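Fold and contact review
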Amino acid sequence: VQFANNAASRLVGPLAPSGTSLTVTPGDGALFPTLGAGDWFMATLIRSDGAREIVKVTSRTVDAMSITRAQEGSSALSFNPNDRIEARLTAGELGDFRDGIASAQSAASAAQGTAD
Amino acid sequence: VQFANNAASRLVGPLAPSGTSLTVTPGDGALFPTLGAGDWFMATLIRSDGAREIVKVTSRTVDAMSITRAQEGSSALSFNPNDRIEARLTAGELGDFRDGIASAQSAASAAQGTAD
Amino acid sequence: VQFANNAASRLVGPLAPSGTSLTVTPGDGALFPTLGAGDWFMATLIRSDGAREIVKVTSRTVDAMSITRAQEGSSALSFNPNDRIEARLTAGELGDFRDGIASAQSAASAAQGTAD
Amino acid sequence: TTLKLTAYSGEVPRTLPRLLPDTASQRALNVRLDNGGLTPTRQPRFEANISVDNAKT
Amino acid sequence: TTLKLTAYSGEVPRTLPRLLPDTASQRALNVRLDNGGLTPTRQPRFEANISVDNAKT
Amino acid sequence: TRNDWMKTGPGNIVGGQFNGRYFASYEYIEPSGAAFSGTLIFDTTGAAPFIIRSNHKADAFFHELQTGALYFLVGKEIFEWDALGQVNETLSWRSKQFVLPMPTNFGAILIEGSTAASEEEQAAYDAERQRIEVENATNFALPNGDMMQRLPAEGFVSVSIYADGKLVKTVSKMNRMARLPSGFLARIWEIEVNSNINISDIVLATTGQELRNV
Amino acid sequence: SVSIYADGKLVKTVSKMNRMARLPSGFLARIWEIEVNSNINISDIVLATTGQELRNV
Amino acid sequence: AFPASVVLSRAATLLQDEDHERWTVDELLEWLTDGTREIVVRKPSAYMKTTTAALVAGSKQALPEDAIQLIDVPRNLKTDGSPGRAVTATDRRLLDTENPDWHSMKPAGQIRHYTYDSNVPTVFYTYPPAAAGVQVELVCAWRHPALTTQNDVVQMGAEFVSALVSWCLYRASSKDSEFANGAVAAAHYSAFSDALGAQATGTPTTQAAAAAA
Amino acid sequence: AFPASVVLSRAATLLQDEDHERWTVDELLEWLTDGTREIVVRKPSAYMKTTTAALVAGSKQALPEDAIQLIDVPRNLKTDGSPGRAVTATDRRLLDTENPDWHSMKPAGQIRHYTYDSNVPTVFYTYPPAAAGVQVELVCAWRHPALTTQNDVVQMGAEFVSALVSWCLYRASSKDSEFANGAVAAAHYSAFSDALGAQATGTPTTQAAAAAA
Amino acid sequence: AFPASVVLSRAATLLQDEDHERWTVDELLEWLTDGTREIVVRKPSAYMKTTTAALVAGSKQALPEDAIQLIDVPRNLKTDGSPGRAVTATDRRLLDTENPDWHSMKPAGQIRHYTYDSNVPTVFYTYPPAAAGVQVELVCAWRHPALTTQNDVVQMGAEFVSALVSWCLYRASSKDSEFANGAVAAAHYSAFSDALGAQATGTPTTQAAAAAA
């Protein structure tokens with residue numbers, strides 16, 4: 001799960017509530033991480049006003065952004081052609097981190113038990 | 001240690017420098033993580049002006065949560081009936097993560113040594 | 001890699017792009033983590049305007065911190081004696097954590113493999 | 001072996017750093033040298049904003 | 001460690017107080033420095049009165 | 001030298017005048033992709049001419065002749081130069097490389113001067129505090145807003161001493177003697193002064209008793 | 001590369017920088033001259049018969 | 001029985017370094033412990049305690065490792081609390097000339113005489129040979145172990161504390177020896193030597209060395 | 001019986017610092033206590049307090065920890081207020097040679113002799129071994145504990161106020177600052193030594209040293 | 001039993017070079033070992049090692065090569081652990097005059113006398129000639145071999161750390177560089193000599209020289 005650093009993109013192409021992809025600005029496309037097959041980063045879509053939704057980036061091609069909806073459970077909404085793609089959702093990432101550290105500790109304990 | 005997501009509320013009932021419980025706005029109480037026995041999230045109180053104090057939420061019931069002060073070492077402060085409770089602190093949780101990772105490789109190496 | 005909390009400081013000394021060390025305001029010096037031998041923390045140097053550079057502090061004494069430049073890929077740029085050093089850059093430590101989780105899991109799996 | 005710094009002067013980069021005058025110094029940045037000390041410069045104030053981009057005059 | 005004040009001179013405020021000349025001094029107020037001493041100024045005397053208020057010339 | 005002027009770049013020097021001083025703004029790219037931007041103001045008045053450096057790049061300058069204050073354009077905005085009513089900016093001043101005939105270490109620092117007491121700097125600081133409080137209030141009401149609520153400013157003195165090209169100490173005590181570190185012996189010493197307030201003078205000695213002498 | 005001419009004869013070529021170097025010994029001359037060859041800039045060269053004299057200046 | 005904290009405060013008040021930046025607490029503590037060892041050497045009367053020391057089987061004995069010199073061996077401690085017999089010094093050479101195999105003599109429940117030579121500090125012989133680790137109180141020139149922490153306590157007399165202050169002044173002011181060619185350091189050394197010289201109470205350092213028993 | 005306040009006033013008068021802003025009052029109190037210790041050492045007659053002390057059962061005894069050296073043991077205090085028997089000094093080595101098990105001898109209600117060696121200040125032996133903590137008057141060179149505050153009193157005589165002033169001046173002007181002077185410090189140390197030298201009343205210091213009974 | 005690390009830390013603190021850049025750690029180690037040797041020579045009581053050494057058959061014997069001078073030969077060690085007989089010094093010239101073929105007689109299982117001459121340090125004669133390599137305790141002024149690494153331990157007493165520091169300062173400050181000072185070196189040599197002079201415990205150096213038995 002790759003991560004991004006200080007990348008805010010204007011969502012130039014209007015995105016339907018059931019949308020397979022979105023388009024970032026040409027300048028900000030390279031600002032986001034490179035990604036690859038099987039590697040992804042989550043992004044928070046901030047609409048005008050307080051509306052915020054969280055998505056999953058399967059991959060990027062140049063300035064075109066492949067997207068999937070409703071990862072944390074945020075409801076799908078229609079998107080105007082002026083929006084923000086920035087920030088990293090702490091809930092999913094730190095939850096995965098806490099689960100992974102505990103899983104590693106449990107696996108090490110099981111390995112110790114099997115060795116004994 | 002659960003994590004919070006996009007949660008920000010006002011401390012409506014004035015908080016003493018020595019406080020046991022906090023009261024958020026009625027609407028936003030559900031947005032904070034529900035938690036359970038022995039399970040907590042860290043919540044930051046950014047009061048008026050630059051002063052901020054960190055606290056640990058042992059548990060939350062309905063809209064009011066029992067609170068514990070002075071976790072990272074921030075001085076206990078009095079807070080006015082208007083406040084902000086939000087954010088996730090880097091130092092404590094991520095320090096826990098770095099300690100857990102090192103514990104994981106240490107336990108794995110110990111397991112391998114016992115196997116040998 | 002030690003982590004900082006709520007530490008924003010002005011760079012009182014003009015930091016050349018090829019600069020070994022930098023000095024924050026006297027009051028904010030202790031606000032940075034004390035660090036230790038073999039220990040570093042991420043520091044983002046946000047100058048005037050949007051330009052920014054990221055480095056790690058190898059060691060600090062009193063008010064002055066030793067630095068290692070252009071480590072996370074940011075180009076070396078000049079710095080005004082009115083700057084901001086604060087926050088923590090997402091990419092590096094989180095890549096390290098996602099790699100450490102995988103390393104711990106793989107080492108544990110090899111541990112059961114040797115045990116069997 | 002005392003060295004005393006008083007009556008400060010500005011930067012003269014056409015000189016070896018060692019061979020500078022006794023009260024001349026490098027990188028006189030954001031300093032106004034009038035009284036003989038390190039009087040700091042004040043901060044700029046945003047008086048007005050220009051309309052058209054890439055203004056050269 | 002004697003400090004002797006003789007042949008007084010006037011005020012130069014474009015100089016750090018410690019870096020003033022040996023006989024230059026601050027706040028030379030109501031002093032006429034002609035012979036080299038503190039000759040006091042005389043008090044003004046009221047010669048005549050003006051007719052119309054707020055005279056600028 | 002010719003080298004320094006050529007590297008500065010005379011092709012794109014933006015010029016300006018303030019109090020009989022030529023304000024030159026230079027923005028040139030050093031090889032290997034390093035950029036230096038700053039203002040080089042020239043004053044020939046005095047015993048000998050010298051350069052006072054500044055770190056405010058300007059796209060264009062305008063010297064309003066009627067009221068002698070420079071107006072320089074940076075970021076599509078008109079900024080006055082050291083105009084009245086603003087808090088003092090951080091000052092950089094790195095001393096001449098002092099090659100002592102005998103390698104020694106210094107054990108006395110006297111940073112004389114006075115705190116802000118002219119009350120116009122105090123008024124400017126109060127205005128800055130009001131601006132900070134206003135921005136804190138307006139960011140405090142955001143529907144919320146993480147971080148922000150920037151810290152107010154402060155008046156400080158920060159003198160850094162370079163032993164032989166290495167920073168050994170940063171001293172902040174003023175009007176009272178301070179101490180460097182020990183265990184290091186160097187002969188090419190230099191002093192850098194960073195502050196928001198003015199400093200009268202700095203004197204160094206290996207011992208306080210020698211500091212008594214001068 | 002600093003070459004030292006004792007009395008018209010090259011006695012030594014010293015290449016160490018920023019640290020004390022030593023000439024040869026057993027030759028006594030009174031008309032000394034210094035030759036400096038380098039692709040880089042050099043601040044200064046100072047000569048003394050002893051290191052302790054080099055301490056003096 | 002003063003702690004090191006006082007002495008560090010004194011030395012940090014003489015030298016205008018109260019927050020300990022030129023002279024850190026660790027090196028000042030080091031100078032304190034070195035001065036304690038030196039002052040015990042100069043005047044043994046400063047720091048004497050009686051220590052219960054068991055003796056390995058055989059005539060040959062070794063005093064506790066961190067002791068400069070034993071002055072007296074007054075009392076031979078009997079099993080558990082009983083003070084037991086006392087011991088007087090004697091000369092080894094007479095013990096050697098006659099009964100030359102006095103080391104091979106049957107070990108005794110309690111030693112009767114001990115032989116000590118100032119030349120050989122660490123070794124003292126016991127007559128008769130000791131048996132089964134009999135313990136004896138030893139009056140020995142113990143050396144102060146170290147001063148690792150500020151709060152650590154120095155078991156020395158409370159005027160040798162000022163002597164340590166002067167010695168630490170010596171060891172700190174020799175660092176900046178450039179000033180006056182170390183004249184101030186020599187002055188502190190002279191003051192320290194005079195301070196121990198005019199110690200009318202303990203062993204007189206002014207008089208003949210080791211003259212006092 | 002003078003308080004420390006007067007001596008602090010003197011020291012603030014000599015050094016041209018009456019406000020105590022540079023030489024802090026804590027520092028001057030420290031110099032006062034160091035001076036009290038130093039004069040007590042140089043001239044033991046300065047501060048000798050007769051203290052009644054219980055004696056642990058047995059021949060071995062320990063001087064009170066806040067005492068440099070015991071000079072005399074005049075009276076063996078009988079139970080409650082009765083002064084009791086007197087005690088006279090003897091030789092420890094002959095107490096060892098004859099009756100070698102003198103430590104094991106039955107304890108006595110009142111001790112009869114005491115042996116003290118200058119080399120070991122903290123240990124003095126009693127004859128017979130003490131019983132049930134019998135108390136005896138001890139005349140010893142007591143050390144002034146400390147001077148915490150200005151109003152703290154000094155148990156020494158008002159005679160040595162000049163010596164205390166000179167010692168405080170010596171240890172204060174020896175500071176490494178512009179405001180302190182060095183030749184002044186040396187002259188003040190010499191003045192302190194001379195002032196103690198001309199003390200014709202107490203224990204002599206110049207002519208006879210450590211020979212006072 | 002102090003390691004060389006502490007003394008190198010001192011010498012790095014005295015000379016204003018804590019990083020050991022100009023004075024390398026090997027160089028300071030070499031000065032430490034030179035100081036140990038010099039202190040052993042000046043005051044033999046500093047380092048005297050009781051060494052059991054086999055004796056070549058015959059009257060002539062050689063002192064262990066790592067020994068300055070043998071001071072006593074207390075015990076003639078019997079086979080395995082038994083201490084055996086004692087040995088007392090005699091006169092070689094009278095051993096020559098009477099029984100001139102005293103080298104040629106039957107060897108003895110245990111030597112009975114030894115003759116040592118100061119003028120010849122490496123040779124000591126035994127009477128009767130030793131047989132089958134009988135070992136004897138030798139008390140000699142051992143020379144500390146070397147200080148290869150910083151953590152290497154110095155076997156001398158911890159009290160001579162001040163003398164070792166003074167010697168290291170004297171030798172390092174005698175370097176012909178800007179960073180070394182000469183008058184400082186002379187004062188440090190004087191300080192080392194004085195520090196060894198006031199060693200009231202060990203062998204006297206100022207008053208009596210080479211007269212210690």
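To start, this report covers the structure provided alongside it. (Residues numbered from 1 in each chain as written, not as in the entry; some residues may be left out. Chains lettered and ligands numbered in written order. Part of a larger assembly, values for the part shown. Heavy atoms only, no water.)

1. Digging into the overall build of chain A
- Helix and strand counts for chain A come out as one helix and six strands.
- When the helices and strands of chain A are listed from N to C terminus, the series reads β-β-β-β-β-β-α.
- Computed over C-alpha atoms, the radius of gyration of chain A comes to 17 Å, more than 25% over the 13 Å expected from 2.2 N^0.38 for 116 residues, which places it beyond the range of a compact globule.
- In terms of overall dimensions, chain A has C-alpha extents of about 60 × 25 × 25 Å along its principal axes.
- Relative to its full complement of 116 residues, chain A shows a buried share of 41%.
- Excluding contacts between residues fewer than 6 apart, the proportion of contacts in chain A whose partners are at least 24 apart in sequence is 63%.
- Where the 9 positive side-chain charges of chain A centre and where its 12 negative ones centre are 6 Å apart. (Helix = DSSP H or I, 4+ residues; strand = E, 2+ residues; numbered from the N terminus. Rg over C-alpha atoms; globule rule 2.2 N^0.38 Å. Buried < 20%, exposed > 50% of the residue type's maximum accessible area, 1.4 Å probe, protein only. Contact = heavy atoms within 4.5 Å. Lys, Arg positive; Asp, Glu negative; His and termini not counted. Charge placed at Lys NZ, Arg CZ, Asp CG, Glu CD.)

2. Points about the interface of chain F and chain D
- Taken together, the contacts link 57 residues of chain F with 51 residues of chain D.
- Both faces considered, chain F and chain D share a buried interface measuring about 5200 Å² in area, 58% of it formed by carbon and sulfur atoms.
- If you look at where chain F meets chain D, you find two salt bridges.
- Counting the contacts that link chain F with chain D gives 27 residue pairs in polar contact.
- For the side of chain F that touches chain D, the secondary structure elements donating two or more residues are strand 4 (50–54), strand 6 (69–73), strand 7 (77–80), strand 8 (91–94), strand 9 (98–104), strand 14 (186–195) and strand 15 (202–205) of chain F. (Buried area = accessible area lost by both parts, 1.4 Å probe. Salt bridge = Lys/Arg side-chain N within 4 Å of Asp/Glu carboxyl O. Polar contact = N/O pair within 3.5 Å; in protein donor to acceptor, adjacent residues only side chain to side chain.)

3. Here we look at the relation of the copies chain D and chain E
- Mapping chain D onto chain E leaves a residual RMSD of 0.2 Å; the transformation is a rotation of 60 degrees accompanied by 0.0 Å of translation along its axis. The transformation just described matches what one would write down for a six-fold rotation axis. (Least-squares fit on C-alpha atoms.)

4. Here we look at a positive patch on the surface
Residues and elements named next belong to chain G.
- Side chains of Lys12, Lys16, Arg19 and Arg22 sit close together on the surface and give a patch of like positive charge.
- With respect to the element layout, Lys12 can be found in strand 2 (residues 10–14).
- Under the relative-accessibility criterion, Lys12 is labelled partly exposed at 34%. (Patch = residues over 30% accessible without salt bridge, like charges linked within 9 Å, V, L, I, M, F, W, Y side chains within 5 Å. Areas by Shrake-Rupley, 256 points an atom, 1.4 Å probe, with all protein chains shown as cover.)

5. As for the sheet that holds strand 2 (residues 41–46) of chain B
Residue and element names in this part refer to chain B.
- Overall, antiparallel pairing links the five strands, which are arranged 1-4-3-2-5 in an open sheet. Edge strands, defined here as strands with exactly one partner in the open sheet, are strand 1 (21–23) and strand 5 (85–86).
- Across six bridges, strand 2 lies against strand 3 (residues 52–61) in antiparallel orientation. Along strand 3, the bridge assignment pairs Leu45 with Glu53. (Pairing = 2+ DSSP bridges.)

6. Here we look at a negative patch on the surface
- Among the surface-exposed residues, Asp26(H), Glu18(J), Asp19(J) and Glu21(J) lie close enough to one another that they form a single negatively charged patch.
- Overall, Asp26(H) belongs to the exposed group, its relative accessible area being 52%.

7. Considering the environment of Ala53(I)
All names here are of chain I.
- Summarising the element assignment, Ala53 is placed in strand 1 (residues 49–54).
- The exposure class of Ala53 is buried, given its relative accessible area of 12%.
- Considered as a pair, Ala53 and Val136 are 83 residues apart in the sequence and their alpha carbons are 5.8 Å apart.

8. Quick word on the sheet that holds strand 1 (residues 3–5) of chain D
- The sheet built from four strands is open, its strands ordered 1(D)-15(F)-10(F)-13(F) with antiparallel pairing. At either end of the open sheet lies a strand with only one pairing partner, and these are strand 1 of chain D together with strand 13 (177–178) of chain F.
- Pairing analysis gives three bridges linking strand 1 of chain D to strand 15 of chain F, with the strands arranged antiparallel. Bridge assignment links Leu5(D) to a residue of strand 15 of chain F, and that residue is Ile202(F).

9. A look at helix 4 (residues 161–172) of chain J
- Over its 12 residues, helix 4 of chain J extends 16 Å from the first C-alpha to the last, a length consistent with the 16 Å expected when each residue adds 1.5 Å.
- Within helix 4 of chain J, 10 of the 12 residues are buried, which leaves it mostly tucked inside the rest of the structure.
- Where helix 4 of chain J is concerned, the buried positions are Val161(J), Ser162(J), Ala163(J), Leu164(J), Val165(J), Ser166(J), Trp167(J), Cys168(J), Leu169(J) and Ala172(J).
- Structurally, helix 4 of chain J contributes buried residues whose contacts are with helix 2 (25–42) and helix 4 (160–173) of chain H together with helix 1 (4–14), helix 2 (25–42) and helix 5 (182–197) of chain J. (Expected span 1.5 Å × (residues − 1).)

10. A few points about the packing of helix 1 (residues 4–14) of chain I against helix 2 (residues 25–42) of chain I
Residue and element names in this part refer to chain I.
- At a minimum axis separation of 10 Å, helix 1 and helix 2 run at an interaxial angle of 110 degrees. The angle between helix 1 and helix 2 falls in the class roughly perpendicular. Seen from helix 1, the contacting residues are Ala4, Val7, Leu8, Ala11 and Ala12; seen from helix 2, they are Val25, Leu28, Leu29 and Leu32. (Axes fitted to C-alpha atoms, helices over the stretch in contact; angles between N-to-C directions. Parallel < 35°, antiparallel > 145°, perpendicular 65-115°, else oblique.)

11. Here's the deal with the pattern of salt bridges
- A complete count under the given rule lists 34 salt bridges over all chains for this structure.
- A salt bridge links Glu190(F) to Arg94(F); the shortest N-O distance between them is 2.8 Å.
- Residues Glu38(H) and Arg42(H) are paired through a salt bridge, measuring 2.4 Å at the closest nitrogen-oxygen approach. Of this pair, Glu38(H) and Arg42(H) are both found in helix 2, four residues apart, which corresponds to roughly one turn of the helix.
- Here the salt bridges share partners, and the residues they tie into one network are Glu128(F), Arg131(F), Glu135(F) and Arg150(F).

Note that all results are geometric; they support no functional claim without further evidence.
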